[PDB]
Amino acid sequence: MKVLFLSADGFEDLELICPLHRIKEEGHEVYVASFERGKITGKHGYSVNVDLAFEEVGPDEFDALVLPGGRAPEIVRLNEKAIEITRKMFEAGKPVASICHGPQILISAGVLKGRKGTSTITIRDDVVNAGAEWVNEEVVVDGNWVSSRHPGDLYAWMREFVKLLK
């Protein structure tokens, strides 16, 4: 599969980089999209190469989607193409993994009504106002949506998400 990651400066470093490696380890291809090609820098200073700008990504081009956290989702959610990609992939049933603030992008995509998941508790009320049930668990699997809260959940997040990537 081809797995797309949406991020930007201020990403939570472990939440982007550890899944990039975990998913490539399985033999999938991984791609990072952001506002522009170049590099993006995480909260803790690691640099990651951006393969594609959002405008270059087709809403049907990739097979699965990963939404890391940090401060990046708060700006990614403003890009209309990023949220269009997210909406189309989520509504099509493609595997979508989110952690921490990642669901801000799903909120802006308008896809959470009647869904169930988790996030950092600091945006619980926003997830609930987007129409989802929020629960406090290390990982939630709601159909195609696999969600976790914070970096300490990474092992459980990827344990469940990699099952959807087969």
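Each residue number is its position in the shown sequence, starting from 1.
- When 122 to 130 is weighed against 30 to 38, 30 to 38 comes out higher, by mean CA B-factor as recorded in the entry.
- The stretch 20 to 28 shows the higher mean C-alpha B-factor when 7 to 15 is compared against 20 to 28 in the entry.
- Per-chain ranking of the deposited C-alpha B factor places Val76 in the lowest third.
- In this PDB entry, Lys116 carries a Cα temperature factor that places it within the middle third of its chain's modelled residues.
- Among all modelled residues in this chain, the alpha-carbon of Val96 has a temperature factor (C-alpha) in the lowest third.
- Sorting the modelled residues of the chain by their CA temperature factor places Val50 in the highest third.
- Placement of the Cα temperature factor of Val57 within the chain: highest third of the modelled residues, per the deposited record.
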